[PDB]
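Down below is the structure, laid out as structure tokens.
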């Protein structure tokens, strides 16, 4: 139950790992946002050029 | 066959080495799993980005 215990170090390592994975999730989320922004801008461009034609 | 104490010592050593092998295999497939997961997520991120 103390800090030196296997369970406490286990849960400390678990929270550290999930925080690193949360940083990775933030990276993937911003990449997703940028890619979606690009695709939606091109989709609006397609809509405008189809409206002209 | 006398001297059972050394045989008990051998049995407990066998238990300890089975524990060690179990942990070795555990971390072995943990490394394999994290490597394949990294490969999968890298592939999907590269595919979506480009």
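Every read-out reported here was derived from the displayed coordinates using simple, explicitly stated rules and does not represent laboratory data.
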Please give the helix A:6-52 orientation as an angle from the longest Cα principal axis of chain A, in degrees from 0 to 90, rounded to the nearest 10. 0
Once the Cα gyration tensor of the protein assembly as shown is found, what semi-axes does its equivalent ellipsoid get, as square roots of 5 times the eigenvalues, in whole Å, sorted largest first? 57, 18, 6
Once fully extended, how much extra length lies between residue B:38 and residue B:13, figured as 0.36 nm per residue of separation less the alpha-carbon to alpha-carbon distance? 5.3 nm
Can you give the helix-only mean residue ellipticity at 222 nm for the protein assembly as shown, where every DSSP H stretch with n ≥ 4 adds -39500 (n - 2.57) and the sum goes over all residues, rounded to the nearest 500 deg cm²/dmol? -33500 deg cm²/dmol
Give me D for chain A in µm² s⁻¹, whole number, from Stokes-Einstein with Rh from the Kirkwood sum over alpha-carbon pairs, 10 °C and 1.306 mPa s. 109
Where q = 0.21, 0.23 Å⁻¹, what log10 of I(q)/I(0) comes from the Debye formula for chain B, counting one point per Cα? -0.77, -0.82
Quick check: the angle from helix B:4-49's long axis to the longest principal axis of chain B, C-alpha only, nearest 10 degrees? 0
So what's the gap between the Cα centers of the range A:10-53 and the range B:1-48, to the nearest angstrom? 37
